[PDB]
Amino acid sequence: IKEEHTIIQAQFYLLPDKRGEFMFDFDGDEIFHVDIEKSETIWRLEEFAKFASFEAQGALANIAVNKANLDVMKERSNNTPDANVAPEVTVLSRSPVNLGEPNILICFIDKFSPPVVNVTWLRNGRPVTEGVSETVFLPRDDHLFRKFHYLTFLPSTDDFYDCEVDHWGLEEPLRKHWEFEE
């Protein structure tokens, strides 16, 4: 009926990790984010680059401002910390799974903070590094973060998978399992 939409600029700086991120969000999806390290604009979908541009330094600048402000906030609260909020982890196929037909496993990491996590994809109990990918820390409607990890795989009755997520809020690493079921 009506063209309702939301555009969001999300940025932060984290200590003691010294991590920072800057990104735009359109109706819940990432338009692009800036690599505070490579001072580079990285579009979520390559095709977006043909329709717009965005200067990375200006983003590193904004991050610098968050870094300075973070120190003030630390002074203003007397370095009083909050408890870590562990994430909910879900592993699902990106699309219907058919044997022998290459698909994608999605490791959805939701409702956590701080925005730092260690994710390990496991195939038949073995660490996997080929064909894995990931998004940056995305925003939610509250103060927590969400994030996606991906694993390209060949559908088989044989292999089984596990997405292992470790976070400061978790006693022991969390591992979600996934296997094929015709």
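Position 1 is the first residue in the sequence shown; the rest follow in order.
- Mean CA B-factor, 169 to 177 versus 12 to 20: the higher value falls on 169 to 177.
- A summary of the deposited B-factors shows that, of 87 to 95 and 105 to 113, the stretch with the larger mean C-alpha value is 87 to 95.
- Ranking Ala61, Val34, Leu144, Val128 by Cα temperature factor from the entry places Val128 first.
- For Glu134, the recorded CA temperature factor ranks within the lowest third of the chain's modelled residues.
- The PDB entry assigns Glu55 a C-alpha temperature factor belonging to the middle third of its chain's modelled residues.
- In this PDB entry, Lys38 carries a Cα temperature factor that places it within the highest third of its chain's modelled residues.
- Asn69: CA B factor lies in the lowest third for its chain, per the PDB record.
- In the deposited entry, the Cα temperature factor of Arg123 sits in the top third of values across the chain's modelled residues.
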